[PDB]
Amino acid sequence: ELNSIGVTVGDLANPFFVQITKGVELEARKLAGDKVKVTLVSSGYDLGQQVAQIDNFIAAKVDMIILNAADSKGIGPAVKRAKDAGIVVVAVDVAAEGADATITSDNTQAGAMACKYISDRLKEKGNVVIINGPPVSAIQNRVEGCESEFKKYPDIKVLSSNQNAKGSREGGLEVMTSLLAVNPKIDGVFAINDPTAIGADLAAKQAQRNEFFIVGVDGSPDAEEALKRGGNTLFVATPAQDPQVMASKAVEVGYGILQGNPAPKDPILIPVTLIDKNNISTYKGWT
């Protein structure tokens, strides 16, 4: 029943997506043995290219497509062509219009977890800032989860949460610099991803400010470098995504649907795991 799978992701070279492809291959092997054909392509973050890739998978008569959408809404017609051909389409990491199932990390948990960690470390009192990012679901969920957690602690004061650091080091540097200029005492920093947190770390370094610690999100190699660094950093923790499990779950769910199971009505969320000084030596990252 499961003989071939087409996989299209943003960048096959990106360690995150390397892990996605590993997860697909491992789960395919688990379910159907060593003869499953898994075809991997990179969308290059281009909608036109990915539409073509989906149409190619349709002609090749794959049983399932694992889709990391270049454009969630724009890939819709292609997804529907696949489904009309009897192909199961499972979205990973981001939504894809019409996908039979969608698997992402629990980004809300990521935020709640990070900011519970901050609150606990601060013993439930102090000034905190949330360095925001692009207005996309994953980031917005992280912020929502974080804020809902901070609300539980009356002596935690959130000084800022609306600045968009663009998900980058450069943005995290710019935003944190402003926060440092405006706020003379910050006790904890939550950044919506690892590069943002690193940028904030750099801003602190340049300002000779060190009265806070910083938490990012993803458990990316960027975070590992900071957590394993011999030199100084204020970066102390990050909820890690598990792309390999996300991908294997995608195949597992897609196979169920292939076999006639009803599709899920809502996205399936993969738990995240807090990585810090206690488990960094143990952490199996994306590379």
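Residue numbers run from 1 along the displayed sequence.
- Judged by mean Cα B factor in the deposited record, 144-152 ranks above the other of 144-152 and 127-135.
- Note on 29-37 vs 63-71: mean CA B-factor is higher in 29-37.
- Within the group 173, 122, 110, 103, the record's highest C-alpha temperature factor is found at 122.
- Ranking 198, 217, 182, 89 by the C-alpha B-factor listed in the PDB entry places 182 at the top.
- Placement of the Cα temperature factor of residue 287 within the chain: highest third of the modelled residues, per the deposited record.
- Per the PDB record, residue ranking by Cα B-factor puts residue 275 in the lowest third of the chain.
- Ranked by Cα temperature factor within the chain, residue 12 sits in the highest third according to the deposited record.
- Sort the chain's modelled residues by C-alpha temperature factor and residue 191 lands in the lowest third, per the entry.
- Per the PDB record, residue ranking by Cα B-factor puts residue 159 in the highest third of the chain.
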